[PDB]
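Just one chain follows, in the form deposited without ribostamycin, and it is written as structure tokens.
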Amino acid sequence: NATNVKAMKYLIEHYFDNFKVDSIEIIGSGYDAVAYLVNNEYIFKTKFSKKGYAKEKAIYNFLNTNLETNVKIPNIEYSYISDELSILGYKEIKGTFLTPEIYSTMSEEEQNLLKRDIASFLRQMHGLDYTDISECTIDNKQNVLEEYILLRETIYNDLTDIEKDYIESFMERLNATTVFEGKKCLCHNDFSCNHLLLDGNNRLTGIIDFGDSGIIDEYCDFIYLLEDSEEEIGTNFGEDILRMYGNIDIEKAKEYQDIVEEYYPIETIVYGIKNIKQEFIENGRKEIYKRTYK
């Protein structure tokens, strides 16, 4: 922990010539990556990995050049990208992350203005000509098909009948659906309320973590806004945002979300196979049983 910070302080000062670290603390952390707050002013995201930060950096650059908006996003001042190590540094966007608790304290009018701000942001981003980042495409259906092939080549035959049926029933739905055939555009693609920042009037002031962004189905950016869970605000919130956003089939957006949710245990298994992490394989398989029995 105090050791973790030291290594990273060392790396930051080694790769960024005149940068002096006076303070550094961990502010966020997954199984792939760690984020640090440095000098109480800079966020540094770091990853020991093509699975690095080149695309994410290209997207910040494209967005900072082409969006016209008052909503802040990361603006990369420092970067180091190699095969084994990636670092992005940018000034911290100040604010309070949106949560369900906070939303519930807001007045009706505050909630509306927040929704309108979100809809506006998404409309502007989805309307950009993405020619200049055209290499950042993501085909979710094809990705799933390839992940299924990887399953068939590795552990599929050791799975139980219940697990196999869950997977085959998902593949059948994937084959019948039309929700991947609509408009493609640049999406944030991890658009949950823990990535939305509010200012002191409860208005949207910033958006972070475009680390999964790319050119993908328009429906992608409504997946968490439509989610019913403890972490997200609720389906009505997403529905209202969709009405404000306009010119989009809401029932398809919901079908897209439902499909991505059904995929989740399989995505988890596949993550464990690819990263040689048995814990994830086991968790995904257990989750299939939990869903089958509800």
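Numbering starts at 1 and follows the sequence shown.
The form solved in complex with ribostamycin is left out here; the points below concern that form.
Taking the pose of ribostamycin in the deposited bound form and superimposing the nearby C-alphas onto this chain, the site is open, with no ligand atom within 2.4 Å of backbone or C-beta atoms.
By the 4.5 Å heavy atom rule, the three marked residues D139, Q142 and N175 all fail to count as contacting ribostamycin in the deposited bound form. Using a 4.5 Å cutoff between non-hydrogen atoms, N202 does not count as a contact of ribostamycin in the deposited bound form.
Contact check for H126: every heavy atom lies farther than 4.5 Å from ribostamycin in the deposited bound form.
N247 falls outside the set of residues with a heavy atom inside 4.5 Å of ribostamycin in the deposited bound form. Contact between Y224 and ribostamycin in the deposited bound form is found at the 4.5 Å heavy atom cutoff. Listed residues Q111, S120, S79, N194 were compared with ribostamycin in the deposited bound form; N194 is the one with a heavy atom within 4.5 Å. With the partner left out here, ribostamycin still marks one of 103 to 111, 185 to 193, 129 to 137, 154 to 162 in the deposited bound form; by a 4.5 Å heavy atom cut-off that stretch is 185 to 193.
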